Amino acid sequence: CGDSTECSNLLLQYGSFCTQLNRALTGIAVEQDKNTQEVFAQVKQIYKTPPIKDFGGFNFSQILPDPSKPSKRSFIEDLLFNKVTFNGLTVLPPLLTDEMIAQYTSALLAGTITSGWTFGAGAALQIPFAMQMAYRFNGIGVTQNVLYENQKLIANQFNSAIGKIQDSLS
Amino acid sequence: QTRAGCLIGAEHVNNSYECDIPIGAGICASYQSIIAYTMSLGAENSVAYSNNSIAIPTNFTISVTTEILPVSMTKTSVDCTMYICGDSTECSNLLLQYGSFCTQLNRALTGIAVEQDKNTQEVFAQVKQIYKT
Amino acid sequence: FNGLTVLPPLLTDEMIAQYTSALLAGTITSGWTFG
Amino acid sequence: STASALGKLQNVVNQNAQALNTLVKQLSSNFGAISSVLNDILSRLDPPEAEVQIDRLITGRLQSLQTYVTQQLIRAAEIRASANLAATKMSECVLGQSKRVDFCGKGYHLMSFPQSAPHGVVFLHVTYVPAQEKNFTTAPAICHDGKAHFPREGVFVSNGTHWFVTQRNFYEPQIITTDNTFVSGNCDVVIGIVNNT
Amino acid sequence: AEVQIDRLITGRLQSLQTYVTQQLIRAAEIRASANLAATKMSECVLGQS
Amino acid sequence: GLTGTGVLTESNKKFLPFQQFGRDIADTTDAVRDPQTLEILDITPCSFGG
Ligand SMILES: *[C@@H]1O[C@H](CO)[C@@H](O[C@@H]2O[C@H](CO)[C@@H](O)[C@H](O)[C@H]2NC(C)=O)[C@H](O)[C@H]1NC(C)=O
Ligand SMILES: *[C@@H]1O[C@H](CO)[C@@H](O[C@@H]2O[C@H](CO)[C@@H](O)[C@H](O)[C@H]2NC(C)=O)[C@H](O)[C@H]1NC(C)=O
Ligand SMILES: *[C@@H]1O[C@H](CO)[C@@H](O[C@@H]2O[C@H](CO)[C@@H](O)[C@H](O)[C@H]2NC(C)=O)[C@H](O)[C@H]1NC(C)=O
Ligand SMILES: *[C@@H]1O[C@H](CO)[C@@H](O[C@@H]2O[C@H](CO)[C@@H](O)[C@H](O)[C@H]2NC(C)=O)[C@H](O)[C@H]1NC(C)=O
Ligand SMILES: *[C@@H]1O[C@H](CO)[C@@H](O[C@@H]2O[C@H](CO)[C@@H](O)[C@H](O)[C@H]2NC(C)=O)[C@H](O)[C@H]1NC(C)=O
Ligand SMILES: *[C@@H]1O[C@H](CO)[C@@H](O[C@@H]2O[C@H](CO)[C@@H](O)[C@H](O)[C@H]2NC(C)=O)[C@H](O)[C@H]1NC(C)=O
Ligand SMILES: *[C@@H]1O[C@H](CO)[C@@H](O[C@@H]2O[C@H](CO)[C@@H](O)[C@H](O)[C@H]2NC(C)=O)[C@H](O)[C@H]1NC(C)=O
Ligand SMILES: *[C@@H]1O[C@H](CO)[C@@H](O)[C@H](O)[C@H]1NC(C)=O
């Protein structure tokens, strides 16, 4: 109608026509919020990484959050964010701001780096990274002796791949 | 004044708890009076990582949890002509010139009912015999 | 009601309870072998 | 004791009831005509104007019924997806033991039990959760007689003075023996190897 | 003028209904994608698949 | 002769010397030129919301 009393009076005789429309739109918004919460909220505590970082030669600096930047994001997250870019209609803001999403990702990543898969069942239990990687090879049919004799080569290949990923994205 | 709009009738605090009634933009309110605050993601801890130290459990517990899943809904049907006309020959004659209008609707409703029955029978009937304790 | 009808489900709840009881007795007594 | 736990089934029932209620309520709309009563229009005017009056009611009711049918179709599709997920859970967590993490239960899965519900199913999941942890010092391999020893299954741990082998998910020390260890190479390339017997 | 007002109103209502239906379909597919993403997060990050 | 509601503020757009009003996209007017003082004013809709 748009500020027209005659239009409103003529329209009033159509019964409940836009109540269900608003119901559906509110349902959609609630579903979006529920989707985000289900996807990201999978931990009970906010884990942190120790100030000293010696993970058997592996290098996670490209993915860990950067304290210098105000957003507390990482290199890859910043690259992803930078790369991609009324008459009665409104846009509502999301319940979870991107800072909290980044915090959830950082907590999950610190937990999986430090405590293996143990933090997904009960309380997080610390473990040296090399032993966790030996467990992961043992879980695919290769003995841990291979990792214990090829640690340096494995770390170098992992660093090279994680370096190439950033260039491929950028 | 919040990123979601303007709020009256509540006090703003500097603490942070679990979110009770979600407001938006990372903030929400609760009752104590009514207080509006910023959400807290959870507890904070720093697991003790060292390169020659581990933690090993010494006891265990057994937990039982619930999960609820809907599998079906009521089967309904609608008679097109009775609903749209209601015992009127003139209405039926006027409506007849619209072609096949409600046969599709009845087809869809019958399909929905058949799908509900199939859903139930597929979800539950997964055994060949009836075992007894 | 003015032309709307509700049809009963094919499986009454007694049969559903019987299915659940059979499944549960089977999984108690025979493990996963009966699957 | 606690109520409001069976939210989903109640929500489905309420949605269906509300849809039916609004559909039956839409029958009392003029839709731009002179009245919502069919006989009153029939017994007040002439057929040339009567049919003009009736056409508006016909088209309005047809539109409302179309909208109701579409909403029912969407809800039926969503319910079908939910039923497929429930069937998969019943197949995988009741008839067997699942290794895929967090599919059914929070922890290490043991078994599940099904129960009926007026329009759905309820799964009771039994899970194992470790507790009462403890700190220990570890080493990846043992150098002895110039040879490197690795554990078959388990991990090396230390009281603080001696060394033992344990299973990964429950503390149970045992003496290091040639039976539960295997040898490969010499203690020269492994980072962190320690001396023992 | 009431006839013209009604003629405008019916078309605007039709457009609104079409937009709502399209939004519903897109929301359904987005929800399916979100469920898949949640399953992947649960199974490939918290454990070994 | 161009009618509409809203609130008018001072703007810094630089109209080329022969236009009377401007629209951004989807055919909605934003800026106008007053016929007397010959300056550019900006229009924003009156505040509303749920
Ligand atoms: C992990 O990789 C990063 C590269 O992303 C390393 O950071 C570089 O370090 C060298 C030597 O100090 C500098 O010359 C580069 O400018 C650094 N690059 C960036 C982007 O800061 C980092 O040193 C590596 N980690 C370790 C422990 O060496
Ligand atoms: C394991 O050893 C640590 C170090 O001696 C114990 O102390 C914890 O150390 C971390 C990091 O150094 C701190 O963040 C904790 O606050 C410390 N805990 C306490 C109670 O002081 C730790 O308690 C030991 N046990 C466990 C299960 O970690
Ligand atoms: C493992 O945990 C269980 C559960 O707490 C312990 O059993 C308890 O033991 C105390 C002391 O003997 C009793 O007072 C409780 O009644 C027991 N609980 C139950 C449910 O029976 C058990 O002792 C723990 N095991 C170890 C080795 O500490
Ligand atoms: C290292 O483990 C050993 C084995 O459990 C512990 O030594 C025992 O201690 C008890 C109590 O003092 C003695 O009765 C046993 O004779 C010891 N065993 C042996 C083989 O000597 C020892 O306590 C552990 N180390 C520490 C620091 O607790
Ligand atoms: C685990 O960490 C410790 C401490 O950071 C490392 O110990 C260092 O070892 C080098 C070479 O043997 C010494 O020069 C340093 O003085 C040691 N550090 C300290 C604080 O004494 C150890 O190398 C790391 N790796 C293991 C144990 O495999
Ligand atoms: C484990 O034992 C071996 C031999 O008993 C140690 O190797 C000796 O190390 C010293 C100091 O570096 C040398 O002077 C000897 O020549 C080495 N002997 C041999 C046969 O290689 C080894 O250092 C011990 N491990 C640790 C961690 O101390
Ligand atoms: C319309 O007439 C008014 C009335 O004179 C004009 O306004 C004057 O414009 C001159 C031009 O610089 C100013 O010096 C005066 O101060 C203005 N008088 C006022 C505002 O009272 C206006 O310019 C005319 N517009 C035209 C000719 O387009
Ligand atoms: C606490 O809250 C008040 C208002 O709620 C605010 O003015 C103040 O900056 C906050 N922080 C401190 C440290 O007082």
Side-chain angles (χ1 to χ4, degrees), chain A residues 49-83 105-106 109-110 112-114 128-130 133 151-170, chain B residues 49-58, chain D residues 132-139 142 144 151 154-167 170-177 180-181 191-192 194-197, chain F residues 1-2 8 10 14-21 31-41:
Chain A
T49 179
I52 191 66
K53 302 174 180 181
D54 47 344
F55 302 121
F58 295 71
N59 188 6
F60 302 102
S61 76
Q62 300 291 99
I63 302 170
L64 296 178
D66 189 10
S68 161
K69 302 163 178 191
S71 296
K72 307 312 156 207
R73 283 197 280 252
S74 53
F75 204 84
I76 313 291
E77 292 179 353
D78 264 336
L79 262 57
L80 290 160
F81 267 82
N82 293 350
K83 176 148 301 298
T105 64
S106 168
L109 189 151
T112 178
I113 283 187
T114 304
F129 194 78
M133 271 285 327
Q151 200 174 332
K152 290 195 204 296
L153 187 152
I154 284 154
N156 289 346
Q157 292 196 14
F158 174 81
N159 299 341
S160 304
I162 204 68
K164 284 193 292 186
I165 289 297
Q166 163 257 328
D167 301 330
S168 178
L169 271 183
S170 174
Chain B
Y49 178 84
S50 161
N51 66 348
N52 61 338
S53 67
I54 64 179
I56 292 193
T58 61
Chain D
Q132 298 184 16
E133 315 90 6
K134 201 182 160 192
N135 282 359
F136 294 100
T137 299
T138 188
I142 301 299
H144 162 266
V155 63
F156 294 129
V157 292
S158 70
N159 52 354
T161 315
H162 305 71
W163 290 87
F164 311 107
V165 297
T166 52
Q167 64 183 177
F170 192 84
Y171 186 42
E172 182 180 317
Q174 276 172 358
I175 303 179
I176 301 173
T177 312
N180 53 8
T181 55
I191 312 176
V194 304
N195 285 10
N196 213 10
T197 186
Chain F
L2 158 67
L8 272 61
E10 180 54 45
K14 310 304 300 309
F15 270 20
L16 191 64
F18 66 91
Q19 289 87 17
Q20 298 317 104
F21 61 99
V32 298
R33 153 179 277 143
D34 45 359
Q36 298 191 16
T37 312
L38 266 64
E39 83 165 348
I40 302 99
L41 312 178

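We name chains A, B, ... by the order of the sequence lines, and we start the count at 1 in each one. Atoms within a ligand are numbered from 1 in the order they appear, just like the ligands themselves.
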key: Centroid separation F21(F) to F15(F) less than 6.0 Å   =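 Between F15(F) and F21(F), which both carry aromatic rings, the centre distance is not below 6.0 Å.
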_Under 4.0 Å between a side-chain nitrogen and a carboxylate oxygen: does that hold for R73(A) and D66(A)?_
no
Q62(A) heavy atoms within 4.0 Å reach ligand 1 at atoms 4 (C), 5 (O)
Under 4.0 Å from one or more heavy atoms of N59(A), ligand 1 contributes atoms 1 (C), 2 (O), 3 (C), 22 (C), 24 (C), 25 (N), 26 (C)
* Asked: Counting only heavy atoms, which portion of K53(A) has something under 4.0 Å from ligand 1: side chain, backbone, both, or neither?
  ->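 Neither; nothing of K53(A) gets under 4.0 Å from ligand 1.
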Across all chains, not counting sequence neighbours, the ring pair (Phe, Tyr, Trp, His ring centres under 6.0 Å) partners of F164(D) are none
Note to self: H162(D): which residues meet the ring pair (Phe, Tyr, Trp, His ring centres under 6.0 Å) condition with it, sequence neighbours left out?
What the structure shows: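 Residues passing ring pair (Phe, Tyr, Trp, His ring centres under 6.0 Å) with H162(D): none at all.
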Ordered by chain then number, the protein residues lying under 4.0 Å from ligand 7 by heavy atom are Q36(F)
Interatomic spacing from CE in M133(A) to CD1 in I154(A) - rounded to 0.5 Å: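 The CD1 atom of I154(A) is 6.0 Å from CE of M133(A), to the nearest 0.5 Å.
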To the nearest 0.5 Å, atom CD of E10(F) lies from atom CD of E39(F) at 4.0 Å
Listing, residues 49-63 of chain A side-chain donor-acceptor contacts under 3.5 Å, not counting sequence neighbours, or none:
{"from": "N59(A)", "atom 1": "OD1", "to": "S61(A)", "atom 2": "N", "distance (Å)": "3.2"}
{"from": "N59(A)", "atom 1": "OD1", "to": "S61(A)", "atom 2": "OG", "distance (Å)": "3.4"}

Should you measure from each heavy atom of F164(D), which atoms of ligand 4 turn up under 4.0 Å away?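 That gives atoms 2 (O), 4 (C) of ligand 4.
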One finds that the ligand 4 atoms under 4.0 Å from a non-hydrogen atom of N159(D) are 1 (C), 2 (O), 3 (C), 22 (C), 24 (C), 25 (N)
*Counting distance only, does the side-chain N/O of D167(A) pair as donor-acceptor with the main-chain N or O of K164(A) below 3.5 Å?*
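Not confirmed, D167(A) side chain does not pair with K164(A) backbone.
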